[PDB]
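Beneath this line is the structure, given in structure tokens, with notes to follow.
Please treat every number below as a calculation from the coordinates, not as lab data. Counting neighbours? That spans all protein chains shown, and the Cβs are built from the backbone with ideal geometry, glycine included.
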């Protein structure tokens, strides 16, 4: 199976309140496992997945020390970018980075990420090939020229096939038992009266993990993908997720309609009838 | 670039009346990350509403889950009110036991 | 490309000092200015860098609060202030420049470095003593009890240099002591005069000492 | 372990 | 990331092939640089990116290594290569240097010419009494100097200073000073410095009464 290690970085200025808020959030596959937040009472790297306790004091020190370095760097980045864009000193701005690697079971790098955003807009990213950059405007092009002078892509590539891979391997070695965790969706169908004459049945998927799921409504064999109303998957806040999907039907033959739930933690897709 | 927040208001468990539950307010899709989230009962602000840590997704937008302990009745009202720079005035979304 | 730093600084425990670094021969604003500390005990240590466009700073966690970096963009000048000085701050401080702009590189250019000495001692002139022995005869001079450095020593106003050994100074208590030896043919002393010349600029003193048997 | 970030 | 140079000093002959090791505590992926530094001067960049020779640097300088083990090579040591050498990594921040490897010319071993000197009248009138012992033009640097007063050893009150390698004849020189009070000085008659060196099993002995 493939696996990924990704970091989600965020630095937000706030002039008139002191230091920019800096954060580093860590992800194995889609599960947050580490977190640094500059605003916490004691701004250190903290575990976010039980299985990270098994890392001794040196790990957390090393990572904390590095965040503080990264924090400093970004603190400056926000000013440079202010200049690049010839912006006032007043208001608050955001830099965001996604950084990390996707590697196969054979330990080869499938994909490497290093993407940047300023104020919610693409700024610059390392291309699929890991050697060239895509800048999204004239400010980003200044960064681009500096990085080519400095040999940044090559460096990243070194980290992405080396460092990134080896830490993921360990991170998997540590909490592999836990990351398999699936919680099967418990499903029910609810009936709702409407005006006019028609009715809408709403198909629920409750208490499932991870969030990937699929809900489909079908009239006795053929699925309706144009009349279906759905909500975005949402957390219950207990660890599990929820989603529903509804459809408008004529009154009398609501039994003719079947709901289908597809989730990786289910031996068989659930097929529900009202 | 400003991005308008999207809101979902829902229970953690199936809403049975007079039975203690948790009420969520899932706030996704916003930018900047600066946001104020309120939760109201009958239009009156509930003090002590918890906030998850903030995150953002592959499209750069931020998302956050606010919640509070609540005991739903047949007839009480529950809303989430969100303040954000992308918006002219605050946004409010009422709790629908069926949505 | 050239980075010019100031000369030696003598400063007192608890006090602070500000070292300048004037840069020329390149577009100041396209680069940052790094600073490096070199001292007996830890050798070379990084410290930090400054952005000339906005004064943005990054410090080695080790030097955070001990050093402050500033920039005058217009006069192409970077300054470092080392505060609340201990004897552990006595060292040579370099400013330096990467070959390009970035966090991860080497230093292609160095300033000449500024030596900083932390001491509480007040200026004190040396006492100068002749060293006569008791075929080739060696003679000497004992330069005892001075602060600060340097002290100059010559033989016969420099006429005797080839057979001379002047030794690095050593801290007595908080004062320095050095010695200089000279070798002359034994047939020529005392027949011909052998004098030893000590100067100590700091204390405005010049001393000649004839070495008599 | 997150990379040491380059300056932009 | 600690960068370690094992040998802090190294004895060498002109024409030798010299290899200075540099050891990283983590894989630094060829992000390593080498500097040369001579007394009273700033470091001078020799090599970047592990194997890359900077413009102007002579061809006898060479670099190699991988992961976390690197070497500086000088194929035929010329006299102006006598210096101290530093390696510096830049894979991670903070940029960190090794503690340097100082080269010194080999030469045939030589015994010092030893000379003792009693305190001057001028010093004695002031209550101080320094006895001076010069040990000139010897090699290697390793030497033991004992001060003996009336037969037995004096430990307390000694200051020692060596010179750098002499440019003309590659030797070292040392000065030893035993400072006593006038009162303590006059308690004794026989003052001697003893110099044990690897050139002879017999220690060189200078004295006065």
Next item on the list: With a bin width of 10 angstrom, please list the P(r) values of region C:121-213 as percents of all Cα-Cα pairs, from the 0 bin to the one holding the largest distance.
Entry: 17, 50, 25, 7, 0
Margin query: Give me the inter-chain shielding for A:27-38: mean count of other chain Cβ atoms within 10 Å, whole number please.
Written below: 1
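What order do you get for C:165, A:145, A:192 when you list them from fewest to most C-beta neighbours inside 10 Å?
Lowest count first: A:192, A:145, C:165.
Evaluate peptide E:2-15: per residue, the Cβ atoms of other protein chains within 10 Å of its Cβ; return the mean as an integer.
Partner-chain Cβ atoms within 10 Å, mean over residues of E:2-15: 0.
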Notebook entry, point to check: Dividing the alpha-carbon radius of gyration of chain A by 2.2 N^0.38 Å (N being the number of residues), what value is obtained?
Noted result: 1.28
Check: So what's the Cα pair-distance distribution over region A:214-267, bin width 5 Å, in %?
Finding: 4, 16, 24, 22, 16, 9, 6, 1
Next item on the list: Can you tell me which of C:9-19, A:21-31 comes out highest on packing, and rank the rest after it, using the mean Cβ neighbours within 10 Å?
Entry: A:21-31, C:9-19
Next item on the list: Run through all the Cα pairs of chain B and give the fraction in each 5 Å bin from 0, expressed as whole percent.
Entry: 3, 14, 24, 24, 17, 10, 6, 2, 0
Margin query: Once you compute Rg and the Kirkwood Rh from C-alpha atoms, what is the Rg to Rh ratio for the protein assembly as shown?
Written below: 1.16
Checklist line | Förster radius 56 Å - calculated FRET efficiency between residue A:19 and residue B:74, Cβ distance, rounded to 0.05 | finding: 0.70
Next item on the list: Can you tell me which of A:126-133, B:85-92, A:229-236 comes out highest on packing, and rank the rest after it, using the mean Cβ neighbours within 10 Å?
Entry: A:229-236, A:126-133, B:85-92
Checklist line | Centre separation in Å (Cα based) which lies between region A:213-271 and region E:129-156 | finding: 96 Å
Next item on the list: Express as a percent, rounded to the nearest 5, the fraction of DSSP beta bridges in chain C (both residues included) that run antiparallel.
Entry: 95 percent
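How high is the FRET efficiency from residue B:96 to residue A:127, r the C-beta distance, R0 41 Å, rounded to 0.05?
With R0 = 41 Å, the Cβ-Cβ based efficiency is 0.35.
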Next item on the list: Provide a whole-number value for the mean count of partner chain Cβ atoms within 10 Å of the Cβ atoms in peptide A:227-236.
Entry: 4
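Rg to Rh ratio, chain E, alpha-carbon atoms and Kirkwood radius?
Details: Rg = 23.0 Å, Rh = 20.1 Å.
The Rg/Rh ratio comes out at 1.14.
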Item checked: FRET efficiency, 1/(1 + (r/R0)^6) with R0 45 Å, evaluated for residue A:224 and residue A:44 via beta carbons -> 0.30
Notebook entry, point to check: When each pair of different Cα atoms in region A:11-111 is counted once in the 1/r mean, what is the Kirkwood radius in angstroms, to one decimal?
Noted result: 15.6 Å
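Given N residues in region A:181-258, what is Rg(Cα) / (2.2 N^0.38 Å)?
Its radius of gyration relative to the 2.2 N^0.38 Å reference: 1.18.
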Check: Most mobile of A:175, A:18, A:162 per a Gaussian network model of chain A (Cα springs, under 10 Å)?
Finding: A:18
Checklist line | Quarter of Cα convex hull surface for region E:65-175, i.e. mean projection, nm² | finding: 12.6 nm²
Notebook entry, point to check: Relative to the longest principal Cα axis of chain A, at what angle does helix A:138-150 sit, 0 to 90 degrees, rounded to 10?
Noted result: 60 degrees
Check: To the nearest Å, what is the center-to-center distance of region A:14-51 and region E:1-20, using C-alpha atoms only?
Finding: 44 Å
Check: Using the alpha-carbon centroid of each, what span in Å lies between region E:162-187 and region B:46-99?
Finding: 82 Å
Next item on the list: Could you give me the radius of gyration and the Dmax of chain C, taking only the C-alpha atoms into account and expressing both in angstrom?
Entry: 22.7, 72
Next item on the list: With springs connecting C-alpha atoms under 10 Å apart, model chain E as a Gaussian network and identify which of E:128, E:98, E:40 has the largest mean-square fluctuation.
Entry: E:40
Note to self: Report the Rg/Rh value for region C:1-120, based on alpha-carbon coordinates and the Kirkwood definition of Rh.
What the structure shows: 0.94
Next item on the list: Compute the Kirkwood hydrodynamic radius of region E:17-132, taking the inverse of the mean of 1/r over all pairs of distinct Cα atoms, and give it in Å to one decimal.
Entry: 17.0 Å
Check: What residue among A:42, A:220, A:174 has the largest mean-square fluctuation in a Gaussian network model of chain A, using Cα springs under 10 Å?
Finding: A:220
